[PDB]
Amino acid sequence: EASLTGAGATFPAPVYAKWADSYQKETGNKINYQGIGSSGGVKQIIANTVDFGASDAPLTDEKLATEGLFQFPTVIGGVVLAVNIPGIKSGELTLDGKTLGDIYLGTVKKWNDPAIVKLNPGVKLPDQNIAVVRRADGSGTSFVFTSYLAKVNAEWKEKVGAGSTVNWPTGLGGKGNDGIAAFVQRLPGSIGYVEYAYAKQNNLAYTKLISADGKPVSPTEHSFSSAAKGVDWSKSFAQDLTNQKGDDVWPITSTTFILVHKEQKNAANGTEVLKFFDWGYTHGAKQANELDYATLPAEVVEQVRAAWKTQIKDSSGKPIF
């Protein structure tokens, strides 16, 4: 029936693609998603070139208002550090916030650095340089990653800060989560940050991290979900889920957003866009979990739906949902 186009964040692309496939088989509706990074997604929706935009980085309530946009969270994922080190398998290496920051600051340049050795007793670390990989494009994953680094590394917060784009102290630039996954896979001694699904679907070895509570944790649907435990979304959908306290909390976790115009020039398309994501909330949980994405609390889902009812309307001012 419908034929929609959306563009933006690659962070949730794997699940959006799976949902789109399942949705089309069940309803006939076709949703095409272009993974061009969060920054590009925002520009495209504002330029009215797609039906919806996708960004992992929230837009300020101010800009949303000015641009006449509405944003809502869909799922919760996690950013992991994929590495390519001789003899190192997934989970065998552990890094903490401070040392991860120093690695991206370029002050820790070798895998057998004293700080890494200290974090990994009994692990055979090679005498080889670290090949740092970061994002070349405006990225929501970068926003999450750097927001986290700014919390755990004072030097990083002062010199680099956080953003969808920053002035990187060092490292190779890769395009999209796929680009970083490709470089890590091809470069010995490399490290690159990617949303969990990208490490898993490409069989990349990832590291464990030290939670805010100071305990070693592994990236899983549970450690991602745990970051949102006790979080209050009633006042703002733009919740920060980085370095959250609690048992088994993955430190680099985040939700992701969909952007649509408050006034839908094409009423039908707008209605079908919301129906797709409503399907994701209602019937996509199992497929999201299969791809290791945690789902939003049902409570918040109802909050999003209530918001759709009053914030999204057609050109004649009538509700589209």
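The numbering used is simple: start at 1 and walk along the sequence shown.
Taking the mean C-alpha B-factor of each stretch as recorded, 2-10 and 312-320 are not equal, and the higher mean is that of 312-320.
The question of which stretch, 144-152 or 114-122, has the higher mean Cα B factor is settled in favour of 114-122. Per the PDB record, 128 has a higher Cα B-factor than any other of 226, 211, 128, 207.
The top Cα temperature factor in the record, among 171, 192, 77, 251, falls on 171.
Sorting the modelled residues of the chain by their CA temperature factor places residue 138 in the middle third. Annotation for residue 217: CA B-factor lies in the middle third of the chain's modelled residues. Among the modelled residues of its chain, residue 15 has a C-alpha B-factor that falls in the lowest third according to the deposited record. Among all modelled residues in this chain, the alpha-carbon of residue 292 has a temperature factor (C-alpha) in the lowest third. Ranked within its chain, residue 68 lands in the highest third, by CA B factor from the PDB record.
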